[PDB]
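Novice: Experimental structure and sequence below, a few questions after.
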Amino acid sequence: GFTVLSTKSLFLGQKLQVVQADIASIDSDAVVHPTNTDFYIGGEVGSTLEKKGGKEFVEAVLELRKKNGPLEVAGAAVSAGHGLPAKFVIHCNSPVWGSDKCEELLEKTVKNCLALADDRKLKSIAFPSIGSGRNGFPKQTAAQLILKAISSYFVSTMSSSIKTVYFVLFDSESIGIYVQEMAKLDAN
Ligand SMILES: [Au+]
């Protein structure tokens, strides 16, 4: 349904791909929803997911909020992808640019998301731009950290079931930034 703009195949077999589309429409096993400690769903990603999933999507998040309690910084939690093409929604609470250890916390956020996907043996995960924008990270800084974390995760987790990682972006600058950063991984 969509078109891949750039592909980076890591040495361990994972395919990282940049795509420009509605992240809520992507048929990936998991979709990442950047949120806050209270599972707020008004973000741009949250909005498109609620648009797609409607009541079902929202109920699932409301139930998760109840069971999980406040989502700590860099924490991630999963709700069933009811009402969405994605099988699961992985909610994450990224640190805010400027926090004491915001950079290492952004990397941790990403790793926590990937870990939750592997816990369910998922084969694909779609990430929107995290950290930058809402949470204040410069776009390039966020991109570098996220890719560094993903790269690090795969060379540290041998049993990983994740075969495809999508970066779903909307603006040209973000696309340009991600393709540049992605090209730096396993390029020897
Ligand atoms: Au920082």
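Specialist: That came through fine. Residues are numbered from 1 along each chain as shown.
Novice: State the distance from the residue in the chain that the ion sits nearest to to residue 40.
Specialist: Nearest residue of the chain to the ion: residue 102, at 3.6 Å (CB to the ion). Using the backbone N, CA and C atoms, a C-beta is placed for each residue, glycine as well. Distance of residue 102 to residue 40, computed by CB to CB, to the nearest Å: 19 Å.
Novice: interface residues of this structure facing the ion?
Specialist: Neighbours of the ion within the chain, by CB under 5 Å from the ion: 102, 103.
Novice: Got phi/psi on residue 168?
Specialist: The phi/psi pair for residue 168 (degrees, to the nearest 10) reads phi -100, psi 110.
Novice: Would you mind confirming that the residue of the chain closest to the ion makes contact with residue 96?
Specialist: Yes. If you go by CB atoms under 8 Å, residue 102 and residue 96 touch, sitting 6.6 Å apart.
Novice: the more surrounded of those two?
Specialist: residue 102 (21 against 16; other CB atoms under 10 Å).
Novice: what's the closest non-adjacent residue to that one?
Specialist: Spatial nearest neighbour of residue 102, excluding adjacent residues (CB to CB, 6 or more residues apart in numbering): residue 95 at 4.3 Å.
Novice: What count of nearby residues applies to residue 69?
Specialist: Residues lying near residue 69 (other CB under 10 Å) number 9.
Novice: How much space separates it from residue 59?
Specialist: Noted for residue 69: a distance of 18 Å to residue 59, by CB to CB.
Novice: Ok, residue 94 next?
Specialist: On the measure of CB to CB, residue 94 and residue 59 end up 24 Å apart.
Novice: likewise residue 77?
Specialist: Using CB to CB, we find residue 77 at a distance of 15 Å from residue 59.
Novice: quick one, what contacts the residue most central in space within the chain?
Specialist: For the chain, the residue nearest the mean C-alpha position is residue 127 (3.0 Å; CA atoms, centre = their mean). By CB atoms under 8 Å, 6 or more residues apart in numbering, residue 127 lies in contact with 32, 110, 113, 146, 165, 166, 167, 168.
Novice: Among those residues, give me the pair with the biggest separation.
Specialist: 110 and 168 (14.7 Å; CB to CB).
Novice: Could you point out the helix or strand that follows the biggest helix by length in the chain?
Specialist: Taking DSSP state H as the assignment, the helix of the chain that covers the most residues is helix 44-68. Note on helix 44-68: by DSSP states H and E, the next helix or strand toward the C-terminus is strand 76-80.
Novice: packing partners for that next one?
Specialist: Applying 3 or more CB pairs under 8 Å, 6 or more residues apart in numbering; DSSP states H and E, we find strand 76-80 packed against helix 44-68, strand 88-92, helix 102-119.
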